Amino acid sequence: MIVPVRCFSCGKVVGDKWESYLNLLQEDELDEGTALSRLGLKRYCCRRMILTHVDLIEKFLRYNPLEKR
Amino acid sequence: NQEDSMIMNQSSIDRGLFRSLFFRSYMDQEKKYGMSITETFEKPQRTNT
Amino acid sequence: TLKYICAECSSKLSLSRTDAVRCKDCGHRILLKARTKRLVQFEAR
Amino acid sequence: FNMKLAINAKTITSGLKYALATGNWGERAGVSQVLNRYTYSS
Amino acid sequence: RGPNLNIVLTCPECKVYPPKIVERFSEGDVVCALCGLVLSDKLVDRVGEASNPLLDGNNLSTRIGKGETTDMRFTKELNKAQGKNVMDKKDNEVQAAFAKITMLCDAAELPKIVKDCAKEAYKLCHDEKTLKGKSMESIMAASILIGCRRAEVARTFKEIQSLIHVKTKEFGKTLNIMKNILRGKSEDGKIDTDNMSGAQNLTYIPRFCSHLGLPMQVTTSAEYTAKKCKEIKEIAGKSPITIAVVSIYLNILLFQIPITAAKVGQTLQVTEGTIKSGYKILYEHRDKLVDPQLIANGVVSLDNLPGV
Amino acid sequence: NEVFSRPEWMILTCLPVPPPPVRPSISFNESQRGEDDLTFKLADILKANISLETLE
Amino acid sequence: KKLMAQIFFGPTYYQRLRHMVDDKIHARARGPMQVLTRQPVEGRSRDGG
Ligand SMILES: [Zn+2]
Ligand SMILES: [Zn+2]
Ligand SMILES: [Zn+2]
């Protein structure tokens, strides 16, 4: 639903690189491989965590809140 | 892992690997048995229920 | 009385056992009960 | 003659609902089943 | 007047009466709460038929139908033999009345409870000396009218008369007779609440507005107007239908919906003169017949109401 | 068998009625009462038997 | 220590199925009996045998 905080295999913190990953892809016109290496994810266990992630939270946010303050 | 079994990583499980939700819904109605007997939603007391 | 919330217009209502289940503002017939205001503890594991 | 009683709307409504709510088609079985929603592929 | 045949489970050791008994459903045991002694073990939690004890009393019957293999000759004669039963004939009349009540209620798009109440009302008040010289049509309509009132979905006399062909004379007399029967049996063996009051004009407004297609905001305002409409003696004695319809018409012009008085009367079969005649009296109490929040907010202004 | 099985006894003249345990009455919500299928069949036999007695 | 053999190592897609042990484990020492046959009822959810 949202980017996992840590890598499952080794526990490296990858939850703080989602926005950076998206910025590299969009603004810098970098391919997925270069963006991951730029972010410092060398082990393919970390690469798949960010490469294969699906951001479903954005889809949920389209719905109006059930309770509004 | 013999005979179609497997070994999973506990650390990966702790971090949230293959961890899912589960929702169960319960339905109930205030049936009205004709014209006299009827039901209501209430917190019953041991002295009256 | 207890407080309920409309499922469409998000109106926060207060209903009694005699009041009919419906939104007095928009008329929607489904009301979501308000979340508890009492603290609930969770483990971060 | 009362047209409101000559034509009963429950015959069409009840028959279609019963045939769709249950599998029985008529008045074959298993024609209608509860849609699976466990996953999108299902 | 009969054998007791009653068993009370009490702990032989504790001897405290009445006892504290806990039913361990999962363990299927009845155990004393004080000492833990088990008083009864091996507790018990399609091979049956759905039976309704009240509307059908104690009547058990079975139908004869075709199977995987069957000759048509046998089915016809057996059905013919079954019909010619003297004892089952008496109950068939009540069932036949129930079937017609079901048809009338179903054709009216009424809820299931309304149909159930009508059937039950007929059964309770049938086979009585008072209601013997009254047409069966009036009996069914009165029960249906009674059933609607009980379920907070009360209808009008004209609404029910549209389906069941019965004049006002017999219907009103039958209803008064039917009401007395229920009231007599009620305390003797509840029945009515503030809903049973004849006027109850608040319940009709939501349905009348729906026919006109007005928004719920107009309907809510009409309810408030009708609620305060009973404080004026000059119109308090008017029929509930006129009170509700006139209140609806007043709010229609207040909110400026392009619906003329002719349409309001035509759809609800209320004379146009009555609508204008009633509106004139209500025009003198606009201050007390308009919601205060709505006027304060500014959605509706009293200046928008035409004056004569 | 003379003692136990005679040909005449294959024709039913008196019908034994099984006890309630064989045909228990179940309850779904305990405000509605349901009866076993055997109970209705026994009721049908009684209704038919009474009808025949009155007719004859 | 090194394993004398080399392991086929790489990522793979796996899916969690609906079958979980917590929804199948059940035991009964005693419990409710059927009204008709007076034998242990059927069903884990009803403390059956
Ligand atoms: Zn990693
Ligand atoms: Zn609302
Ligand atoms: Zn004890």
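Note that chain C is numbered according to Swiss-Prot, with residues 26-70 shown in order.
Here the Cβ of each residue, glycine as well, is placed from N, Cα and C on the backbone.
The feature Zn(2+) binding site is assigned by Swiss-Prot to C:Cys31, C:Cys34, C:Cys48, C:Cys51. Under the DSSP three-state reduction, C:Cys51 (Zn(2+) binding site) is assigned to coil, being neither helix nor strand. There are 14 other Cβ atoms within 10 Å of the Cβ belonging to C:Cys51 (Zn(2+) binding site).
If one looks beyond the zinc finger (C:31-51) by at least 6 residues along the same chain, the residues whose Cβ comes under 8 Å of a Cβ in the stretch are 57, 59. Residues annotated as zinc finger in Swiss-Prot: C:31-51.
Under 8 angstroms separates no C-beta among the binding-site residues C:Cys31, C:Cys34, C:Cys48 from a C-beta of chain E. The Zn(2+) site, placed at the center of the C-beta atoms of C:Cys31, C:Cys34, C:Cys48, C:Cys51, has further neighbours from the same chain whose C-beta lies within 8 angstroms: C:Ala32, C:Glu33, C:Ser35, C:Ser36, C:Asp50, C:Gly52, C:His53. For the binding-site residues listed here (C:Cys31, C:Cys34, C:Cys48), the lowest count of other CB atoms within 10 A around the CB belongs to C:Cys34.
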